[PDB]
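Commentary on secondary and tertiary structure
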Amino acid sequence: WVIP
Amino acid sequence: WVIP
Amino acid sequence: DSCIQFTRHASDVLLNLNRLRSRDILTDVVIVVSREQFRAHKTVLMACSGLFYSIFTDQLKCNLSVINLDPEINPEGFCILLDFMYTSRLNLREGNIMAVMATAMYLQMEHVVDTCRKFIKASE
Amino acid sequence: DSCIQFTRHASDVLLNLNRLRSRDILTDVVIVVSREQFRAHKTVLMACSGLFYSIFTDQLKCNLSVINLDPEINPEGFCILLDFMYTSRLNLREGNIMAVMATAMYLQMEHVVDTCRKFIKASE
Ligand SMILES: O=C1Cc2cc(Nc3nc(Cl)ncc3F)ccc2N1
Ligand SMILES: O=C1Cc2cc(Nc3nc(Cl)ncc3F)ccc2N1
Ligand SMILES: [Cl-]
Ligand SMILES: [Cl-]
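Residues numbered from 1 in each chain as written, not as in the entry; some residues may be left out. Chains lettered and ligands numbered in written order. Heavy atoms only, no water. Residues with missing side-chain atoms left out of burial classes, pairs and counts.

- Per the deposited record, determination of this structure is attributed to X-ray crystallography, with the resolution reported as 1.7500 Å.

Structural data, given as structure tokens:
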């Protein structure tokens, strides 16, 4: 999961 | 396009 | 094999599937979550959720155009997860995380359940 | 928004859609390319091809379960492109590049047409  |  | 691969293909496909959903093009099921209704594509639901995969591989249920979820399921939690299915983006907030995690457990969306557990653990 | 994003989601969705295709689950159209038949999901075809997007948004054609392509289309070229739609991988070879490019132009798959043009230019 990432900060888009 | 890339070499997978 | 000796194939070449277009990096953005899968993301571009998903973006187009979400555009079809927006535009109500070739949607083939209504998911009912108490008083709310959500239109979607069975194949996208099956690709994202172990519960929908089981439902639409059933020889009788595969033919239904309406699926009613358990009354305990929160419509906003379902909406957030449906948007995630079609976009890869999850609108996880302090005010919705419990409903989102409960819905993802029910729908059998293991990666979502994983990030919810991690975010909850960080606040404890 | 303040969404989080699961990097592998789109690729995992496409992998699952290809598993449904393998297993002939919820396929809803047959594409006929002379003597050959290919089963697929209309939504995946529309998401990848400008021609299929136009066909299945037509109020009459959207309801067809069989689509016959132009007799000039090569079945192997179509097969290679159908596999690309469901996997992001293109089996481009000296022996098939002309048929693949012609098929991608007909299907309106601009990124494929682009890599074919580049590979052809490099051999000249
Ligand atoms: O957490 C999750 C997400 C999820 C999706 C699916 N979907 C499919 N699985 C397979 Cl093997 N082939 C085709 C599919 F559409 C099954 C189980 C699960 N569990
Ligand atoms: O080279 C290409 C690939 C391609 C795909 C599509 N697909 C869709 N386009 C839109 Cl805007 N919304 C939903 C769709 F399924 C249209 C045109 C083109 N041209
Ligand atoms: Cl997930
Ligand atoms: Cl393309």
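1. Some remarks on the packing of aromatic side chains
Residues and elements named next belong to chain C.
- Overall, the coordinates contain 10 aromatic pairs over all chains when judged by the stated rule.
- Among the aromatic side chains, those forming a connected cluster through ring pairs are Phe-38, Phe-52, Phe-56 and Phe-78.
- Against the face of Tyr-86 rests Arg-21, its NZ or CZ located 4.5 Å from the ring centre. (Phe/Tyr/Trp six-rings, centres within 6.5 Å; stacked < 30°, edge-to-face > 60°. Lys NZ or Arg CZ within 6 Å of the ring centre and 35° of its normal.)

2. A word on the pairing of strand β2 (residues 29-33) of chain D
All names here are of chain D.
- Among the five residues in β2, five count as buried, and that is most of the element.
- Residues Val-29, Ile-31 and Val-33 point to one face of β2 and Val-30 and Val-32 to the other, with burial holding for every one of them.
- Pairing of β2 with strand β3 (residues 36-40), which is carried by five bridges, proceeds in the antiparallel orientation. By the bridge assignment for β3, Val-29 is matched with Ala-40.
- What sits between the antiparallel neighbours β2 and β3 is a turn of two residues, in which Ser-34 has the positive phi angle 65°.
- Where β2 lies against strand β4 (residues 66-68), three bridges are found, and the strand directions are parallel. Paired with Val-30 across the two strands is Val-66, which belongs to β4. (Buried < 20%, exposed > 50% of the residue type's maximum accessible area, 1.4 Å probe, protein only. Helix = DSSP H or I, 4+ residues; strand = E, 2+ residues; numbered from the N terminus. Pairing = 2+ DSSP bridges.)

3. Topic: the sheet that holds strand β4 (residues 66-68) of chain C
Residues and elements named next belong to chain C.
- Reading across the sheet, the three strands line up as β3-β2-β4 and stay open at both edges, with mixed pairing between neighbours. Sheet topology places β3 (36-40) and β4 at the edges, where each strand pairs with a single neighbour. With direction set aside, neighbouring strand axes in the sheet form an average angle of 25°. (Axes fitted to C-alpha atoms, helices over the stretch in contact; angles between N-to-C directions.)

4. Looking at the packing of helix α1 (residues 9-22) of chain C against helix α1 (residues 9-22) of chain D
- Interaxial distance between α1 of chain C and α1 of chain D falls to 8 Å at its minimum, and their mutual angle equals 80°. Looking at the two axes, α1 of chain C sits roughly perpendicular to α1 of chain D. Together, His-9, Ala-10, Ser-11, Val-13, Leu-14 and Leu-17 of chain C of α1 of chain C and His-9, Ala-10, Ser-11, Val-13, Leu-14 and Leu-17 of chain D of α1 of chain D make up the contact between the two elements.
- The class makeup of the residues in the contact of α1 of chain C with α1 of chain D is eight nonpolar, four polar and no charged. (Parallel < 35°, antiparallel > 145°, perpendicular 65-115°, else oblique. Contact = heavy atoms within 4.5 Å. Nonpolar A, V, L, I, M, F, W, Y, C, P; charged D, E, K, R; others polar.)

5. Regarding the site of ligand 1
- Close to ligand 1 lie 13 residues; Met-46, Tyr-53, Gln-108 and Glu-110 of chain C together with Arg-23 of chain D are nearest.
- Nearby residues place ligand 1 at the junction of chains C and D.
- In the environment of ligand 1, a nitrogen atom lies 2.9 Å from a nitrogen or oxygen atom belonging to the side chain of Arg-23 of chain D.
- Relative to its unbound accessible area of 430 Å², ligand 1 is 75% covered by the protein chains.
- Of all the secondary structure elements, the ones that give two or more residues to the shell around ligand 1 are α2 (42-48) and α3 (50-56) of chain C together with α1 of chain D.
- The residue makeup of the shell around ligand 1, split by class, is six nonpolar, four polar and three charged. (Near = heavy atom within 4 Å. Polar contact = N/O pair within 3.5 Å; in protein donor to acceptor, adjacent residues only side chain to side chain. Areas by Shrake-Rupley, 256 points an atom, 1.4 Å probe, with all protein chains shown as cover.)

6. Side note on the relation of the copies chain C and chain D
- Under the fitted operation, chain C is carried onto chain D by 0.0 Å of movement along the axis and a turn of 180°, and the coordinates agree to an RMSD of 0.0 Å. Both copies are brought into coincidence by an operation consistent with a two-fold rotation axis. Closest approach to the rotation axis within chain C is made by the C-alpha atom of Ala-10 of chain C, at a distance of 2.6 Å. (Least-squares fit on C-alpha atoms.)

7. With respect to the UniProt feature "domain: BTB" in chain C
- Those places that UniProt annotates as "domain: BTB" correspond, in this numbering, to residues 27-94 of chain C.
- In this annotation, residues 27-94 of chain C is assigned 40% helix and 22% strand; the end-to-end C-alpha distance for the span is 32 Å. (UniProt positions renumbered as here; feature names shortened; annotations may be inferred.)

8. What about the arrangement of the chains?
- Contacts between protein chains span five pairs of chains, and they are most numerous for chains C and D.
- At no point do chain A and chain B touch; the closest pair of C-alpha atoms across them sits 22 Å apart.

9. Some thoughts on the side chain of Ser-88 of chain D
- Its location among the elements puts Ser-88 of chain D in the loop between α4 (75-87) and β5 (89-90).
- Apart from residues no more than four positions distant in its own chain, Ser-88 of chain D is found in contact with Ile-4, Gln-5, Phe-6, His-9 and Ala-10 of chain C together with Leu-14 of chain D.

10. Considering the pattern of salt bridges
Residues and elements named next belong to chain D.
- Tallied over the full model, the rule gives six salt bridges over all chains.
- Note that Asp-83 and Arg-21 form a salt bridge whose closest N and O atoms lie 3.1 Å from each other. One end of the pair, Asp-83, is in helix α4; the other, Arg-21, is in helix α1, with 62 residues separating them in the sequence.
- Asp-83 gets classed as partly exposed once you look at its relative accessible area, which sits at 33%.
- The salt bridge partner of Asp-114 is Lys-118, with a shortest N-O separation of 2.8 Å. Placement of the pair is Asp-114 and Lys-118 together in helix α6 (residues 110-123), with a separation of four residues, close to one helical turn.
- The exposure class assigned to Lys-118 is exposed, which follows from its relative accessible area of 51%. (Salt bridge = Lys/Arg side-chain N within 4 Å of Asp/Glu carboxyl O.)

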